[PDB]
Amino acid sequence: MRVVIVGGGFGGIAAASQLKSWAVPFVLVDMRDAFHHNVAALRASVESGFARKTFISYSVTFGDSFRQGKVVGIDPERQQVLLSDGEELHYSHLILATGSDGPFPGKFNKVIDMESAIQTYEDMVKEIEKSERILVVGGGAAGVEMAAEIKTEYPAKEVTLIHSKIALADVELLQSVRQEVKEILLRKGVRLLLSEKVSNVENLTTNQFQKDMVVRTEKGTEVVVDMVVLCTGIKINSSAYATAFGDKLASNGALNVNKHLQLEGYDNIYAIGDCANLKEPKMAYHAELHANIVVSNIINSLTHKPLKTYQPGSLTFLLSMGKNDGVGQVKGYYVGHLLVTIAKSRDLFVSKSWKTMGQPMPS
């Protein structure tokens, strides 16, 4: 038997670790040969020597249970995974954990070797460093995070964020959280340009230092900057499975799953992470929880025992520390519960990834 995991992100490495613990034969497949803590990618492109902490070699940990490859198709009837080099992997169980894609520097999903990947980000740090005037296109989570990490490292640099809606960030965040985001950006000195779209986006020289660039909006507004960073429009990454399930995807590219995280019409295909069409925020935190359920259900498949049901409201959360970071803000109430915000760890959880992967964090 063989569990093939397509996608070695937060979901895929959590499921690969467990399958290794359970001694279940598997192959993890990913475009890169290293994992990318994508949550800390924006910092990786601003702070020197930091991208080295955001990429972990797959083969040091998983050995020959890893195969670098770009999946271009899935044959669910013959149970084959089709790579772009013409090769095929047979599976008994398929876990799809393809996550989300979008422009560099926020996402980095391409065929590339760990050293070039790190050096792609270290080149970006130095082009940021050269630029006194930076435009960041797009005001979602990637754009906001990019803006704030520039003024963090370079408080005197002029950063500008342009966004096509009325408020920053994601509609499914509280209008008072979006507004809080607007105000954390203003406190840092980031100048905003809301409700207007860049025109001729395609013609911009991006990720490079270029003195006196002129960006025109659709409103005719003009700003002059020394560098454009593109943070427009992160989508679910359906490239690996669109040909197989295209008719049947959700509107946003995600896969429909039953309560055991199996694909609607298949007992031996599962989806986890961003690519699963679940009514819940697409986070790395949940992808690990999805992984836990899907490996459970592969084992129960083997032992002809009842499948476990992914309970979205899993209470697997405790303040990371013991009064070392107690303070929290209150943001709402409803029956039995209180909406609260807490601060993200300052290392952006990188230490966890190195632990999951069983490698010393480099220095």
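For every residue, the number given is its place in the sequence shown, counted from 1.
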Which is higher in the entry, the mean Cα B factor of 24-32 or that of 308-316? 308-316
Stretch exceeding the other in mean C-alpha B-factor - 110-118, 186-194: 186-194
Using the entry's values, work out which of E129, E264, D85, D101 has the largest Cα B factor. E129
Candidate set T61, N324, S65, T303 [ranked by C-alpha B-factor, highest]: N324
Considering every modelled residue of the chain and its Cα B-factor in the PDB entry, is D170 in the lowest, middle or highest third? highest
Entry-reported C-alpha B-factor of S251 relative to its chain, by third, is middle
Within this chain's modelled residues, let me know which third the CA B factor of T221 belongs to: lowest, middle or highest. highest
Third of chain Cα B-factors occupied by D123: middle
Ranking every modelled residue in this chain by its Cα temperature factor as given in the entry, which third contains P362? highest
